[PDB]
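Peer 1: I'd like to ask you about the structure that follows.
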Amino acid sequence: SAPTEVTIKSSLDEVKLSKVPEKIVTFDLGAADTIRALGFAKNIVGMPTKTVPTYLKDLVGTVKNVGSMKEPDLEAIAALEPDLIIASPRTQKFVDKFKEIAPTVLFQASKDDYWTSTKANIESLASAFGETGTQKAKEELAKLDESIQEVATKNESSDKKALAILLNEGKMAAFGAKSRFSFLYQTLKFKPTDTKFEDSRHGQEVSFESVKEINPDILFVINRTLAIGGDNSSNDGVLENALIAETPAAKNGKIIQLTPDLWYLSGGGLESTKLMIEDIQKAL
Ligand SMILES: [Cl-]
């Protein structure tokens with residue numbers, strides 16, 4: 001076998017390649033956005049195109065469609081002759097099938113040390129593109145580290161408490177400091193409310209009375225329905241309910257409608273992290 005030139009650590013077995021991969025299939029959209037930010041978008045040959053966040057739309061034309069965020073088209077993947085497949089938590093059930101086709105990685109973040117683990121994943125992926133990738137990632141990560149510190153410093157000067165909810169077909173689910181939205185709390189140092197929420201990936205259902213009682217100063221909202229292109233009519237009037245409209249968050253202009261597709265479908269990449277930080281400036 002040819003000698004190893006690049007190595008990629010992840011939650012899976014370390015992948016060792018004899019050259020930079022030029023035919024990549026990815027189900028991880030953050031990884032796609034990292035690859036593009038590093039200057040290697042041409043190397044991505046397959047991505048699911050059923051539900052693509054707007055910020056990534058221009059990659060649709062340069063890839064072949066390999067299915068949906070949860071359901072791969074294995075025939076389409078094999079036909080692309082990939083030299084690397086980037087799986088995702090959502091597609092972990094297909095990792096054995098992916099491995100039959102090509103070396104496969106799957107990046108996982110800690111819910112505790114979200115940013116250190118995410119940076120390690122970004123650096124590992126970037127190294128697949130040699131010194132050029134590694135150098136560019138160092139440069140871009142330095143800017144993100146500085147932006148993160150600036151946000152964290154502002155939050156550390158405040159005592160406001162922030163509640164984070166997912167809105168889905170008129171149902172509200174609250175999420176805690178260690179959750180799919182850890183970046184807000186662990187990394188950016190928004191402060192959670194005193195109410196702890198069953199750490200489920202779908203959150204804990206909350207009523208209008210619950211939100212009133214929590215009494216948040218900032219309310220982050222991720223609208224799942226909009227993120228996936230559903231009928232948003234079921235969410236009409238939810239945030240406008242008097243019990244939410246009378247929170248200090250609402251009255252003070254701190255209901256923050258986070259870009260739905262970015263936050264629900266992506267994250268963990270160089271560009272997605274940058275855009276996420278931009279999105280929360282109005283919450284400071
Ligand atoms: Cl209620």
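In the structure tokens, each chain is lettered A, B, ... as it comes, each chain's residues begin at 1, and ligands are numbered from 1 in order of appearance.
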Check stretch 181-226 of chain A with DSSP on the backbone and list each residue it calls alpha helix (DSSP H), as a PyMOL selection string.
Peer 2: chain A and resi 182+208-214+224-226
Peer 1: Could you find all residues in stretch 83-200 of chain A that DSSP calls strand (DSSP E) from the backbone, and write them as JSON, numbers by chain?
Peer 2: {"A": [84, 85, 86, 104, 105, 161, 162, 163, 164, 165, 166, 167, 168, 171, 172, 173, 174, 175, 191, 192]}
Peer 1: Near residue A:150, counting only C-alpha atoms, which residues have an atom at most 12 Å away, once you skip same-chain residues fewer than 3 positions from it, shown as an NGL selection string?
Peer 2: :A and (143-147 or 153-157 or 187-189 or 277-278 or 281 or 284)
Peer 1: Pick from A:57, A:212, A:93, A:36: nearest to ligand 1, with only C-alpha atoms and all ligand atoms counted?
Peer 2: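 Checking each candidate against ligand 1, we get A:212 as the closest.
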Peer 1: Compute the set of protein, DNA and RNA residues whose minimum atom distance to ligand 1 is at most 10 Å, using only C-alpha atoms and all ligand atoms, and state it as a count of residues only.
Peer 2: 9
